[PDB]
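One structure below.
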């Protein structure tokens, strides 16, 4: 099986604080992109967020949200990467 | 209005008891790649590993090590992705 | 503001156990429908599931999943109703 | 192949400090309707209320009370919906 | 010097593994009466049942239910009496 | 075996607060009667009081107090009734 | 104020075990007397028994049992004495 | 049918912030007598004191000390009596 | 410049499953001497014994007992020495 | 085997507080002697100190400190003696 | 009779609020050297740092990182030495 | 101030297991040397051993053991080094 995840992360500084532009190309078909305020990202929270997103992703029934939770995990992982990569 | 400070690219190519190949291109310069036994990949362990890698990454004196821990994080993050994507 | 939720719940018995056909008309626009095996529904689990779905729904960023989590809550609430209504 | 045992319709019409009107049509025969102060609706409380209502509902001797507790649950569930839908 | 506000009569007729008949006349208008298996009447359980019945009785919206919970309490209290009186 | 307990409870209001006149006819032979100040009766306390009165009643040796503890339980139960019946 | 308590304790040995004849003259008016099997008296229990008897004695209302609890304490204290005096 | 092994007489004469005189005749041979400040006599402390005196009394090598601890117990028991008798 | 208040001599002669003879000369006036089974001498127990002996020694009314507890401490201390010296 | 420990303890009072002159003759060959300020000796600490000194003494490897820990235990025991002997 | 597998030389030169210079020669090939603020060197922290560095060192995939963590340990150990040596 | 610690560690393999020859030159004056069996060294134990050795080293009084504890710490640190360096 295959899975490609491209993470492109850009930290921009604005007059108010630093912002993290997150671009994520899931399987070369879906682009996701979001701009978080970077300064208040705390690894522990994000690791917990992942714990919960898994708890839900494996107990979720619809033919819908098993992709819509996967994406939130991917964003959450972007934020984690930002912590280690800067 | 805003100024770019840095950019970070992480390319995750993941190819799947179960046995997992990991390819990571950090910043289009480093390739990292490894094979692992996927049966005993347990999210909680990997989240804890990240918690510890962070604890060390932010208390580590050497300019270098930070990078050698960053890479471990990146691998640890691969395993986490494998959980959500399969 | 307004919100309509229609819950239509039908318990059918099959040779193997009872099944709960859940039909949910959110805001007279979306129909959701699913068929759960009814016999192994435990209120406590479902109350916890709601706790988590809220934890995620209020910390979720995308313009996507704030509806895709709402729906899972709605299904989870159907199962809770089934417990009180039979 | 399967046989219908029962059907249950619950119609939730919810209309919104904040002050909340609740209308519930149980089984197209009973209407229940109430007004409440929405500022201090806290999900955890309402989940616990359900836990207790269940504890009583399944230990309650009277044929009747079960129905009078069912209705309380239904109202409690309205408040929970209000949290997720607004 | 003082004014009577209300009066309440509760008549407990209890007649006795062991199997227990309960007759209760509430307020000289309602009779309640039931049979139960007395071996597994455990005071702690019955005290906890009262704790819960109260928790619900004082949070219950319906004018009616209060009465349907009151009756359960009265039965629960019968079992407690049976413990002390035999 | 038989046991009759008659509970007659009257709430009177005096200038200072409400008072609960308790009249209890144990087995149509003993009358007990007491006037408690009603406003500071807390179910939890009274349930604990019962727990203790049982602990003592089942470990008590004399040919005396197994009736003199039974009576205190009966009063304590009156107070509990007052909570549910008003 | 005055209070006299006379404790006369006699340990007799019978074919089956030792028995503790307890004679207690409260205030030179009341004699209490009981014969306990001595071999299974455990200080901790008796100290707890006292703890409870106090909890009850100070929360007891009737014009009755404040003497009928006092007596049980006195017996309980006899058993404690037997432990230290043999 | 049974044989007397020993007899023990303990005579407690107690005479009452509050200040307490204690007279104890052990076995009609020893008199012990003391004065104490009764405001801060707290049952729990005295029960714990007994627990400790026992712990030592039953681990004490000297033939004598046992008696010197017995006496302390007897005084401690006086204070306990004072609580129940006043 | 300083004034001597008191002097205390303690002479420990210890002679060694294992079986231990203890000789103690307190203050060159009292000899204490005992034999014990050394296999089950466990430091923690002996430290706890000291903790308790102190608790009693400092709450003990009799002028005498203090001395009878002091001696027990001294023996307990012998066992502790035996642990460290062998 | 043999072991002699002589404890000679002298409490002197100086203008500033009491001082405890400790003289310890281990095995009639080693004299140890020290002057502690006596007023701040707390049994619990010293019992813990012993606990630790044992933990170390039984896990210590060198041909050196198994005598240099023994001595510290001996001093620590002097302080304990001072507590019981004054 | 025995065979040498490896040898490791670590040379610690430590030179001393307080401010600490550290020089370490690992294996006579690498020099590591750093300056630190010694007031807030707290042994417990440094022991915990070692616990974590080990946890990572033994779970680290890269052949290299192991060495970059080894060095951190060595520095952490310097601080520990400074505590004991000054 | 200055302090030199030279660690020379050699792992030899014998028929029975690996042995760690530890040579430690404290301040170019004292040599310490010991041969531990290497295979049963557990970091956690050794970190605890250090914790205790500090607890003792800072509460130790004699003009003796503040060097004889320092040495045990130094050995204990050798064992820790062996863990990171092999």
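Derivation of every value follows stated rules applied to the coordinates shown; laboratory data play no part. All Cβ positions, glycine included, derive from the backbone under ideal geometry; neighbour counts span all protein chains shown.
Beta carbons within 10 angstrom, averaged per residue: use that to sort the peptides E:73-80, B:37-44, B:6-13, highest first.
Working: E:73-80: 21.6, B:37-44: 12.4, B:6-13: 16.8.
Going from most to least packed, we get E:73-80, B:6-13, B:37-44.
For a Förster distance of 60 Å, can you work out the FRET efficiency between the beta-carbons of residue L:16 and residue J:13, rounded to the nearest 0.05? Let's see the in-between values first.
Details: r = 61 Å, r/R0 = 1.02.
Efficiency at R0 = 60 Å is approximately 0.45.
How do the peptides I:20-26, C:57-63, F:52-58 rank, highest first, by the average count of neighbouring beta carbon atoms within 10 Å per residue?
Values: I:20-26: 17.3, C:57-63: 14.7, F:52-58: 19.1.
My ranking of the peptides, most packed first, is F:52-58, I:20-26, C:57-63.
Could you work out how far apart the two model spin labels at residue C:48 and residue E:21 are, taking each label as a point 7 Å from the Cα in the direction of the beta carbon, and quote it in nm?
That separation, rounded to one decimal, is 4.6 nm.
So, in nm, how far is label residue H:13 from label residue B:29 when the simple model puts each one 7 Å beyond its Cα toward the Cβ?
10.0
Can you give me the angle between helix L:65-85 and the longest principal axis of chain L, using Cα atoms only, in degrees from 0 to 90, rounded to the nearest 10?
Long axis of L:65-85 versus the principal axis of chain L: about 30 degrees.
For peptide H:33-43, how many partner chain Cβ atoms fall within 10 Å of a residue's Cβ, on average? Provide the component values of the computation, followed by the final result.
Working: counts 0, 2, 0, 1, 0, 0, 0, 0, 0, 0, 5.
Neighbouring Cβ atoms belonging to other protein chains average 1 per residue here.
Could you tell me which of rounded, prolate or oblate describes the range K:1-63, using a ≥ b ≥ c as the square roots of the eigenvalues of the alpha-carbon gyration tensor, with rounded for a/c under 1.5 and, failing that, prolate when a/b is larger than b/c and oblate otherwise? If you can, show how the numbers build up before the last one.
Working: a/c = 2.32, a/b = 1.39, b/c = 1.66.
It is oblate, given that a/c is not under 1.5 and a/b is not larger than b/c.
Compute the FRET efficiency between residue L:67 and residue J:4 as 1/(1 + (r/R0)^6), taking r as their Cβ-Cβ distance and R0 = 41 Å, and round to the nearest 0.05. Walk me through the intermediate numbers first.
Working: r = 27 Å, r/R0 = 0.65.
Computed FRET efficiency for residue L:67 and residue J:4: 0.95.
Quick check on the range C:38-86: take the gyration tensor over C-alpha atoms, sort the square-rooted eigenvalues as a ≥ b ≥ c, and tell me if it's rounded (a/c under 1.5), prolate or oblate. Spell out each step's value before the answer.
Numbers: a/c = 3.51, a/b = 2.24, b/c = 1.57.
Prolate is the answer for the range C:38-86, as a/c is 1.5 or above and a/b outweighs b/c.
Which value at 222 nm does chain K reach when only helices count, each DSSP H run of 4 or more adding -39,500 (n - 2.57), with the total divided by all residues and rounded to the nearest 500 deg cm²/dmol? Write down the numbers at each step before the final one.
Numbers: 2 runs with 36 residues, N = 86.
My calculation for chain K gives -14000 deg cm²/dmol from helical runs alone.
Can you bin the protein assembly as shown into rounded, prolate or oblate? Criterion: square roots of the alpha carbon gyration tensor eigenvalues sorted a ≥ b ≥ c, rounded for a/c under 1.5, prolate for a/b above b/c, oblate for the rest. Present the calculation step by step, with values, prior to reporting the outcome.
Working: a/c = 2.53, a/b = 1.00, b/c = 2.53.
Taking the square roots of the gyration eigenvalues as a ≥ b ≥ c, the protein assembly as shown is oblate.
How crowded by other chains is C:60-71, given as the mean number of beta carbons from other chains within 10 Å of each beta carbon?
Working: counts 8, 9, 7, 1, 6, 9, 2, 3, 10, 7, 4, 7.
Rounded to a whole number, the mean comes out at 6.
Please report the spacing between the Cα centers of the range A:26-46 and the range D:19-62 in Å, no decimals.
Answer, in whole Å: 38.
Once you put a point 7 Å from the Cα of residue J:58 and another 7 Å from the Cα of residue H:6, both along the Cβ direction, what distance in nm separates them?
3.7
Helix J:43-57 versus the longest principal axis of chain J: what angle, 0 to 90°, nearest 10, using Cα atoms?
20
Taking every residue in D:56-63, how many Cβ atoms of other protein chains lie within 10 Å of its Cβ, on average?
Taking all residues of D:56-63 together, the mean is 5.
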